[PDB]
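Chemist: Take this structure, written in structure tokens, and hold onto it; I'll ask about it next.
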Amino acid sequence: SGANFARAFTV
Amino acid sequence: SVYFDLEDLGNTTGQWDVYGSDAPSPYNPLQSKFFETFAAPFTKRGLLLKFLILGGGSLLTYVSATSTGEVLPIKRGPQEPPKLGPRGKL
Amino acid sequence: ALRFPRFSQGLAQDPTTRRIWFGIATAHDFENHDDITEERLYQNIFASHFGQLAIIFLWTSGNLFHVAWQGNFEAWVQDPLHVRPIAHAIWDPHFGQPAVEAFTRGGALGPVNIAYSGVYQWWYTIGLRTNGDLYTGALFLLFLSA
Amino acid sequence: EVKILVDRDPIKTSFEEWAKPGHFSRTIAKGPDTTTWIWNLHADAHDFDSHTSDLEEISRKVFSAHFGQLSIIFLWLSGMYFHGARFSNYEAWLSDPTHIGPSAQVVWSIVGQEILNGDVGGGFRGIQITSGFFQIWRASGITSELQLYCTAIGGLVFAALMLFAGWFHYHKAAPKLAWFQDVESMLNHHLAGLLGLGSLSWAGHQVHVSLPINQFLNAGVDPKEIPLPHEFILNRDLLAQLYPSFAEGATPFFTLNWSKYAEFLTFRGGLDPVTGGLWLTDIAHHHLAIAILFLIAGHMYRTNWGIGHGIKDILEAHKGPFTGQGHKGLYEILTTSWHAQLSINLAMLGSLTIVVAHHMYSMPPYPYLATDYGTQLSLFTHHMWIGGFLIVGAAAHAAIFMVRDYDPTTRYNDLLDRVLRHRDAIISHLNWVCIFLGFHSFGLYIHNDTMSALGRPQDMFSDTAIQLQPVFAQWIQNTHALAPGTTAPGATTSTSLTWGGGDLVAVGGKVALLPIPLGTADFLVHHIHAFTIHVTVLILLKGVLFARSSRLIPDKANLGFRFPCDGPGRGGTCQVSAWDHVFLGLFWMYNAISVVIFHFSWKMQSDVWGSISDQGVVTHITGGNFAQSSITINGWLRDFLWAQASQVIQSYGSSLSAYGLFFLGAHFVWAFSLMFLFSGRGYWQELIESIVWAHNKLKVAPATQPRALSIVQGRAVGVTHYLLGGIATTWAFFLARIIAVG
Amino acid sequence: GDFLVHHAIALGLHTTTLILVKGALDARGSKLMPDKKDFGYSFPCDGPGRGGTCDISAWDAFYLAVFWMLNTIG
Amino acid sequence: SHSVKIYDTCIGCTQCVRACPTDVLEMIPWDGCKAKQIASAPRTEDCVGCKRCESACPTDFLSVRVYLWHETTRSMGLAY
Amino acid sequence: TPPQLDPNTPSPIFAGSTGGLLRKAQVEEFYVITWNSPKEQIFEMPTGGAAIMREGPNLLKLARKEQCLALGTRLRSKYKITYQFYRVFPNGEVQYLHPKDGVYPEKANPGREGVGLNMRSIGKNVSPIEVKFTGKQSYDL
Amino acid sequence: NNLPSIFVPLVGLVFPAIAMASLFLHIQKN
Amino acid sequence: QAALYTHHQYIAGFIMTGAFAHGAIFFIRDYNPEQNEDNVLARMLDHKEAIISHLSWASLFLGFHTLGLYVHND
Ligand code: CLA
Ligand code: CLA
Ligand code: CLA
Ligand code: CLA
Ligand code: CLA
Ligand code: CLA
Ligand code: CLA
Ligand SMILES: CC1=C(/C=C/C(C)=C/C=C/C(C)=C/C=C/C=C(C)/C=C/C=C(C)/C=C/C2=C(C)CCCC2(C)C)C(C)(C)CCC1
Ligand code: SF4
């Protein structure tokens with residue numbers, strides 16, 4: 001679930 | 001199939017009393033005589049109006065004034081001791 | 001000229017219910033009345049002024065008389081900060097027992113209305129201390145209205 | 001007879017028409033002289049009946065528009081599935097559904113809006129969703145993300161296919177008119193093909209995929225260890241261990257000893273204790289029965305063969321006591337005009353949506369749906385709003401048909417003429433019943449308030465002073481409670497727990513369902529519902545019936561369907577068109593739906609939902625004050641609007657701030673609508689005159705002269721803004737309250 | 001806090017004055033109807049022609065300005 | 001009864017006569033224009049004030065004007 | 001032209017409706033429209049519904065002049081039929097209403113008087129202050 | 001004293017009834 | 001104090017509206033264009049457009065910026 005949230009904050 | 005004529009306009013525009021009856025009076029003659037005798041004073045219009053207004057006013061005022069405190073809560077008056085206001089006011 | 005709007009024939013001719021509405025609406029519009037002239041308009045204005053003055057004087061007389069009769073001015077002037085002013089009494093056949101109990105405020109023996117108009121302070125400042133003064137003022141204003 | 005008839009290349013795909021706007025209508029196509037032209041170009045965009053007169057072009061345009069709409073719907077579904085697959089916490093929610101809030105939207109970190117990423121749970125931050133999609137996916141058997149990705153890709157492909165089909169059918173092969181007017185084949189295919197085969201296939205999926213995976217999930221196994229769905233198909237041993245009946249294969253079904261399939265096709269009914277939903281076996285059985293029934297019923301109409309029935313024969317040959325000849329020319333009317341079909345279909349769809357909402361809140365069909373209060377509230381409110389809007393639109397289209405598609409010479413109907421010939425009696429009786437119902441229903445509340453304010457609580461219409469109990473509803477509840485023992489020998493329990501009697505069902509410490517009592521408040525609220533419904537019906541029916549002609553205006557048909565007025569004469573004749581009647585009925589529909597949703601929300605929060613303890617007592621959300629505080633208007637204003645708005649307004653600085661922002665914005669829009677609703681055109685035109693002078697003084701005047709909006713446009717803008725503001729206010733309030741406390 | 005409220009009060013005063021002044025000055029006539037003085041101070045409308053003319057009299061300007069007066073005083 | 005007045009700016013296009021729903025207006029010969037005719041309103045007592053005549057009149061400002069006045073049964077359009 | 005009469009004309013075939021005459025017909029007045037139809041055909045009544053008009057002379061009763069004129073103009077536009085309507089009082093007086101000169105008003109005919117003609121532009125009217133305190137009106141002059 | 005018990009019904013009911021009757025008669029009178 | 005302030009302010013608002021209403025009535029009825037040629041009243045009737053435009057500009061400015069500041073703070 002962490003990766004899905006991190007997908008928005010990649011930049 | 002003619003529904004208009006000028007000689008008599010009663011049936012042309014429809015001046016009919018649909019539920020009017022012309023039978024003689026079926027009431028008992030003695031009953032009618034008694035009721036006619038005892039209903040005479042109320043026939044006049046202005047006198048009936050004046051009597052109705054004056055009598056109604058007088059009766060309503062008398063009933064309101066004479067009535068005791070059991071029927072009317074407002075005529076009983078307060079019973080519990082008074083309480084003070086928010087900031088100590090009376 | 002025949003129906004209720006005697007001041008306008010056009011409003012009296014039509015048979016619908018708008019005659020009543022428009023007769024009530026345009027009663028004070030003295031310019032549109034039929035057969036009107038300048039003199040009549042001015043005199044009607046003068047009479048209306050006099051009637052209005054009478055109404056105002058009657059209103060203030062009624063206020064003074066009710067405060068004098070059903071109020072607590074004498075108890076208020078002694079302790080201004082700890083007494084609630086009373087406007088007039090309440091009589092109501094529809095009131096229940098809890099309503100009578102709850103509305104009894106001040107030093108009265110029945111329901112009253114607390115006055116938020118502020119006439120108590122004004123009358124206290126201008127130099128009135130007893131109910132006789134208020135009764136006298138009520139009579140004087142009645143005479144002025146008459 | 002029945003055949004395929006097409007025309008090759010009726011129109012050629014070219015960019016030349018895109019260059020110039022308003023090609024459908026000549027007066028639009030001429031060119032813009034004032035700004036009004038612009039406002040017209042959107043008003044007649046989809047008025048296919050007025051662009052031309054031939055039925056073939058209208059039918060082809062309708063077909064193409066339907067294809068485009070289907071493509072848009074498929075794209076929306078694909079987007080929802082992809083969001084579920086990529087930015088979501090579905091896998092976390094799968095293991096621990098009770099303590100994790102669903103969320104499938106993540107906000108960027110641009111300005112300071114990152115505070116919108118609330119902590120729903122399961123190591124995730126995002127906006128909580130209330131669409132109920134997670135329950136759908138769990139009930140479908142989906143236990144991973146690759147499956148969701150595949151579903152999204154399939155949805156995108158289907159959207160592309162629908163778009164291509166629409167283009168092909170409008171520009172390459174356009175069906176002819178006789179193809180459209182073959183309603184027997186259409187009905188046969190829509191009943192036997194669309195509704196029978198689809199439900200049979202879904203029953204197949206539920207029997208083959210959903211049931212074993214859901215059994216494994218309910219057994220307590222971890223989601224990552226459950227075998228893949230195709231392994232159940234390939235391996236007979238796993239199915240045999242799970243269900244011994246499958247060991248016999250398809251032999252019993254062909255042998256008519258179907259009792260062997262009683263393991264996974266049952267008739268128990270009620271709610272499943274583990275998840276608080278309907279048994280999946282019952283749902284599969286119901287789908288199979290529905291498939292059989294629809295396949296049987298889809299072979300009724302005669303098409304291209306000897307057998308069947310004729311719709312025209314059925315309509316003409318029906319002789320009854322009250323009707324008589326009656327239905328004679330209805331076939332031509334219903335096969336010639338699109339508006340009549342649109343009206344009937346809209347009314348049916350609206351009623352169906354309302355029934356769907358009622359049945360869905362009554363019996364939860366998905367696992368872990370009952371205990372989610374926000375999802376239930378959102379679904380109920382949304383579906384009821386949709387149903388109300390559709391029911392309202394039906395009347396407008398009926399009025400359109402009556403105005404522009406009705407002639408008594410070529411096509412004559414006896415029943416329609418009989419209805420038209422005595423409209424005054426209908427309207428008078430409807431008006432009387434509306435007045436009486438409203439007077440009593442609202443006078444009860446006013447009397448309660450007045451007796452309360454005077455300190456006379458013993459003269460109310462309440463549960464203690466004067467009682468008005470709904471005896472018929474209580475009798476029906478008792479009969480339904482006693483039915484399973486005697487009236488329904490097959491059913492083991494009641495159809496739903498809402499009926500009085502039985503046992504409370506709760507899941508994970510939260511109440512799922514219990515019997516709902518009925519008292520004086522329910523009586524009063526139901527009568528208010530009836531009053532509002534009757535008034536709306538009166539408005540719409542009057543608008544439809546008096547569309548062609550009236551006593552005031554004997555030639556209202558020539559003026560048309562959309563004309564603001566006839567003039568200042570006759571005392572004033574504003575808002576006589578049927579369009580104005582629809583515009584007036586929208587407000588009353590809004591009123592009725594608002595009252596109904598308020599009633600549902602308060603009753604559910606007061607007497608059903610709540611929490612349960614280990615000992616056994618139940619504590620409801622609001623303490624069960626609906627039965628005594630809802631009989632006065634002060635009670636509705638204080639205990640409901642004032643008390644339940646604390647969470648909406650005190651959400652600033654938290655993860656629910658957007659709800660408060662929308663709460664204020666909806667108020668602003670609602671206040672804005674009155675500007676258009678109350679004023680008139682002449683003042684605005686005269687103001688624009690001075691503004692235009694000020695512009696022309698500086699040589700900046702445009703060629704398209706500004707013009708104030710027409711009367712009908714002003715009314716439409718006003719009603720649109722009013723409805724949007726009210727609905728948004730209710731949405732924000734409901735969602736904030738039920739997310740915070742639920 | 002008082003700055004914004006004072007500016008809101010000024011906005012209300014300006015808008016009410018605009019409505020009333022427009023109604024007073026455009027009473028004798030305008031371009032949409034250059035003979036407004038013949039019909040009188042108060043009249044319903046002038047029919048649906050010329051695009052439709054509702055609330056065109058000065059009485060309607062006063063009736064519109066009353067709302068803004070109430071809002072500003074509130 | 002209302003008041004319908006015809007001014008001399010008229011050009012005799014016969015539109016106002018056709019537009020009237022109660023048969024109030026008519027046309028008479030004239031010599032002040034090219035069409036050699038003008039409008040007239042004999043049956044004024046039948047006018048209902050619908051102002052349809054003013055809607056169909058091509059002129060910088062209308063050559064036919066309707067002023068509302070005292071109302072009556074005929075002008076109000078009551079059927080009872 | 002000499003006004004005609006309507007002695008004994010029959011009536012179209014109808015089943016009855018609630019949009020017919022009312023107390024005003026017995027009290028104040030009503031209107032009678034007469035025409036001539038070459039064939040028995042179905043038309044639509046102003047009150048509501050559909051009726052059938054017979055061949056020959058046809059006569060109908062209505063409550064207002066607008067209904068008569070609307071039916072007549074529909075007959076003229078769609079069926080190409082001439083028509084004429086009168087007004088009838090409770091006293092039996094009959095007043096000829098439609099074309100008084102025997103010609104429809106849309107066509108000019110000599111012998112017609114001018115009524116309510118102002119020989120000035122609409123912008124030459126005097127201000128209301130000029131006519132104040134008198135019964136006359138600015139547009140009346 | 002009890003003046004309100006006598007005066008309130010008069011102003012509340014009897015006088016408005018007389019006023020309404022007189023005004024209706026004068027309105028409808030020809 | 002609160003009641004007196006509110007009462008007097010509402011009365012003042014109503015009276016101020018009535019002033020403009022009666023000014024418009026005067027312009028409709030009692031104005032004689034010939035006897036007031038080229039005085040201040042005629043010059044006022046001459047250039048209504050500038051006054052209306054500037055009032056509209058001021059109201060638009062105030063409303064736009066006050067609402068913007070309030071919404072930004074919110
Ligand atoms: C809308 C309905 C409504 C109803 C039903 C009631 C009912 C009641 N009110 Mg409330 N009230 C209402 C609205 C209503 N109120 C409103 C709007 C207000 C204003 C705030 C009040 C304020 C109020 C007050 C101040 C008081 C009451 C009280 C009462 C009681 C007195 C009733 C009475 O004596 O007259 C009944 C009179 C009749 C002549 C009945 C006529 C109706 C008959 C039955 C018609 C039946 C028709 C027939 C069957 C039709 C077919 C005919 C065919 C057979 C030929 C009663 C329980 C009084 C009380 O305290 O009671 C406890 C009281 O003091 N009410
Ligand atoms: C403005 C002053 C006013 C006054 C003084 C009253 C006074 C009263 N109201 Mg009324 N009322 C008013 C306005 C007023 N009302 C208005 C505006 C409304 C509309 C909301 C009502 C609606 C209303 C209701 C709904 C009810 C009353 C009732 C009552 C009575 C309650 C006392 C009691 O406890 O019952 C004691 C018991 C009684 C039944 C008294 C019986 C004697 C009566 C007064 C008749 C005397 C007869 C007399 C000849 C009347 C004819 C004279 C004519 C000129 C009026 C009392 C007479 C109650 C009532 O009387 O029920 C019928 C009641 O239920 N009122
Ligand atoms: C000026 C306004 C005024 C007002 C608003 C009131 C108001 C009131 N009076 Mg008071 N009163 C007034 C002046 C006024 N009074 C005067 C001048 C007197 C001396 C005669 C009284 C003596 C008085 C008594 C003895 C009683 C009341 C009571 C009441 C209360 C019940 C109403 C009623 O029964 O009327 C009663 C009214 C009268 C018998 C006569 C007053 C009428 C005067 C002569 C003229 C009013 C004219 C009015 C302005 C109409 C103008 C029309 C114009 C608009 C076109 C109510 C609070 C009653 C109460 O105590 O209840 C709790 C009651 O018992 N009043
Ligand atoms: C058994 C075959 C069949 C099927 C399945 C359908 C099904 C449908 N028709 Mg009907 N129809 C049929 C026969 C059939 N029709 C015949 C013979 C006629 C002529 C009398 C019509 C006349 C007709 C019209 C005039 C319209 C429809 C429409 C619809 C659609 C309604 C939307 C919906 O409910 O979503 C349900 C969702 C889905 C099932 C979509 C999935 C895609 C399906 C499965 C495609 C396969 C269906 C197709 C018939 C077969 C392909 C043919 C081609 C490859 C040779 C739906 C696709 C309406 C529509 O939406 O317009 C396009 C419409 O306007 N139909
Ligand atoms: C089932 C589908 C359906 C269909 C196919 C139709 C079909 C038709 N309608 Mg019907 N109608 C329906 C349902 C439907 N209606 C419903 C539910 C209602 C009740 C409101 C109506 C009420 C109705 C009216 C009142 C009218 C029609 C008319 C029409 C015709 C013209 C369409 C038009 O020009 O719009 C072109 C497109 C627009 C003008 C779009 C307007 C923008 C909408 C209103 C805004 C919604 C706001 C949005 C959701 C908020 C987001 C905010 C964000 C954008 C900032 C068209 C044949 C018109 C007619 O004249 O028929 C001949 C007409 O007058 N319809
Ligand atoms: C100083 C005194 C004053 C005077 C002498 C006048 C004089 C005049 N006015 Mg002006 N006026 C004034 C102040 C004044 N006005 C104020 C303050 C305003 C602003 C509101 C106006 C606005 C105004 C308008 C808008 C109009 C006039 C017009 C008129 C003339 C007609 C009067 C008439 O017919 O009304 C008689 C009116 C009534 C009897 C009916 C209305 C009553 C109101 C609506 C009652 C409200 C209901 C009530 C409070 C309910 C209470 C319920 C309870 C529960 C509390 C008259 C020459 C009229 C005209 O056309 O002149 C040429 C015109 O239309 N005036
Ligand atoms: C609270 C709601 C409301 C609002 C906001 C307005 C607003 C306004 N009134 Mg109105 N009015 C209302 C109710 C309202 N009125 C009511 C109830 C009435 C009684 C009928 C009137 C009657 C009335 C009259 C008689 C007059 C006005 C005028 C005005 C304007 C005054 C100047 C000014 O304030 O500009 C400030 C501007 C704004 C606050 C407008 C909002 C700006 C938006 C939010 C910006 C767009 C942003 C965003 C991107 C939107 C995108 C939309 C989306 C689809 C993409 C202004 C447009 C006066 C006028 O026209 O002056 C020129 C005038 O003559 N009004
Ligand atoms: C600061 C100060 C000061 C000063 C002050 C001043 C200077 C003020 C002013 C003020 C002002 C300066 C005000 C004004 C106002 C105004 C108004 C309010 C107006 C109104 C108007 C109107 C309403 C009009 C009307 C009309 C019309 C419409 C038309 C014609 C007629 C008439 C005119 C009637 C001093 C030094 C003392 C010191 C202390 C402080
Ligand atoms: S207002 Fe109507 S009825 Fe009167 S003359 Fe003009 S068109 Fe005819």
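By order in the structure tokens, chains are A, B, ...; within a chain, residues start at 1; ligands start at 1, following the order shown.
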In region 117-222 of chain D, what's helix (DSSP H, G or I) per DSSP? Answer as a PyMOL selection string?
Modeler: chain D and resi 133-140+146-171+177-180+183-218
Chemist: Write out as JSON, numbers by chain the residues lying within 10 Å of region 52-66 of chain E, counting only C-alpha atoms and excluding same-chain residues fewer than 4 positions away.
Modeler: {"D": [564, 565, 567, 675, 678, 679, 680, 681, 682, 683, 684, 685, 686, 708, 709, 710, 711], "E": [15, 16, 17, 18, 19, 20, 21, 22, 23, 24, 25, 26, 27, 28, 29, 32, 33, 36, 37, 39, 40, 41, 42, 43, 44, 45, 46, 47, 48, 70, 71], "F": [55], "I": [13, 14, 17, 18, 20, 21, 24, 25, 28]}
Chemist: Excluding residue 4 (chain H) and its own-chain neighbours fewer than 5 positions away, which residues fall within 12 Å of it when counting only C-alpha atoms? Please give them as a PyMOL selection string.
Modeler: (chain B and resi 61+64-65+74-75) or (chain C and resi 70+88-93) or (chain H and resi 9-12)
Chemist: Output as an MDAnalysis selection string the set of chain C residues within 10 Å of chain G, with distances taken over only C-alpha atoms.
Modeler: chainID C and resid 31:38
Chemist: Identify all chain F residues at most 6 Å from chain G by counting only C-alpha atoms; ligands do not count. Present them as a count of residues only.
Modeler: 13
Chemist: Can I get the residues close to ligand 3 as a PyMOL selection string, where close means within 10 Å and we count only C-alpha atoms and all ligand atoms?
Modeler: (chain C and resi 51-52+54-66+69-70+87-92+111-112+138-139+141-142) or (chain H and resi 1-12)
Chemist: At a cut-off of 7 Å around ligand 1, and using only C-alpha atoms and all ligand atoms, what residues come up? Please write them as a list in words.
Modeler: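 After applying the 7 Å limit, what remains is residues 94 of chain C; 439, 440, 441, 442, 443, 444, 446, 447, 450 and 459 of chain D.
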Chemist: Would you list the residues that come within 7 Å of ligand 9? Count only C-alpha atoms and all ligand atoms and give the answer as a ChimeraX atom specification.
Modeler: /F:4,16,19-25,47-54,66
Chemist: Restricting the output to C-alpha atoms, write the selected residues as a compact mmCIF listing (two decimals), in the first residue's frame.
Modeler:
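After the write, result-v6.txt holds the following:
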# COMPACT_ATOMS: atom_id res chain seq x y z
CA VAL F 4 -55.22 51.30 -29.44
CA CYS F 16 -50.87 43.78 -37.38
CA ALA F 19 -51.73 39.00 -35.90
CA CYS F 20 -54.79 40.12 -33.90
CA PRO F 21 -56.67 37.17 -32.32
CA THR F 22 -59.96 39.00 -31.62
CA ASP F 23 -60.63 40.94 -34.88
CA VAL F 24 -60.02 44.46 -33.63
CA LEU F 25 -58.02 46.10 -36.43
CA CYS F 47 -59.31 44.16 -27.34
CA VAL F 48 -57.85 41.83 -24.71
CA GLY F 49 -54.47 43.55 -24.39
CA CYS F 50 -52.42 40.59 -25.65
CA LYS F 51 -50.05 43.02 -27.44
CA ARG F 52 -49.54 40.63 -30.35
CA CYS F 53 -50.02 43.49 -32.82
CA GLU F 54 -47.04 45.37 -31.39
CA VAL F 66 -51.77 49.73 -27.00
Chemist: Rounded to one decimal in Å, what is the spacing between CA of residue 43 (chain I) and atom 24 (C, counted along the ligand's line) of ligand 8?
Modeler: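 Result for CA of residue 43 (chain I) versus atom 24 (C, counted along the ligand's line) of ligand 8: 15.3 Å, one decimal.
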Chemist: Go ahead and compute the interatomic distance for CA of residue 81 (chain B) and CA of residue 96 (chain C), in Å to one decimal.
Modeler: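 Separation between CA of residue 81 (chain B) and CA of residue 96 (chain C): 17.2 Å.
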Chemist: Considering only C-alpha atoms, extract the chain G residues located within 7 Å of chain B and return them as a PyMOL selection string.
Modeler: chain G and resi 8-11+25-26+92
Chemist: Neighbours of ligand 5 within 6 Å, counting only C-alpha atoms and all ligand atoms, as a list in words?
Modeler: residues 42, 43, 44, 45, 46, 47, 389, 390, 392, 393 and 396 of chain D
Chemist: Counting only C-alpha atoms and all ligand atoms, which residues of chain B fall within 6 Å of ligand 2, and what is the closest atom pair for each with its distance in Å at one decimal, ordered by chain and rising number, as CSV?
Modeler:
residue,atom,partner,partner_atom_place_in_ligand_line,distance
B:56,CA,ligand 2,52 (C),3.9
B:57,CA,ligand 2,54 (C),5.3
B:59,CA,ligand 2,49 (C),5.4
B:60,CA,ligand 2,48 (C),4.6
B:72,CA,ligand 2,34 (O),5.5
Chemist: Find the residues of chain I in contact range of chain C, meaning any atom within 9 Å when counting only C-alpha atoms, and list them as a VMD selection string.
Modeler: chain I and resid 1 3 to 4
Chemist: Now that the selection is made, can you save its residues with N, CA, C and O atoms as a PDB file, in the first residue's frame?
Modeler:
ATOM      1  N   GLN I   1     -30.059  48.677  24.352  1.00  0.00           N
ATOM      2  CA  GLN I   1     -29.179  49.341  23.398  1.00  0.00           C
ATOM      3  C   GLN I   1     -29.220  48.649  22.043  1.00  0.00           C
ATOM      4  O   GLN I   1     -29.354  49.303  20.998  1.00  0.00           O
ATOM      5  N   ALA I   3     -31.554  46.677  20.746  1.00  0.00           N
ATOM      6  CA  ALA I   3     -32.853  46.825  20.104  1.00  0.00           C
ATOM      7  C   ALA I   3     -33.024  48.220  19.521  1.00  0.00           C
ATOM      8  O   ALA I   3     -33.482  48.372  18.381  1.00  0.00           O
ATOM      9  N   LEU I   4     -32.652  49.253  20.282  1.00  0.00           N
ATOM     10  CA  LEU I   4     -32.806  50.616  19.789  1.00  0.00           C
ATOM     11  C   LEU I   4     -31.952  50.857  18.551  1.00  0.00           C
ATOM     12  O   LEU I   4     -32.427  51.436  17.562  1.00  0.00           O
TER      13      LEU I   4
END
Chemist: Counting only C-alpha atoms, a student should be able to say which residues of chain C come within 6 Å of chain D; what is the right answer, written as a ChimeraX atom specification?
Modeler: /C:95-96,98-99
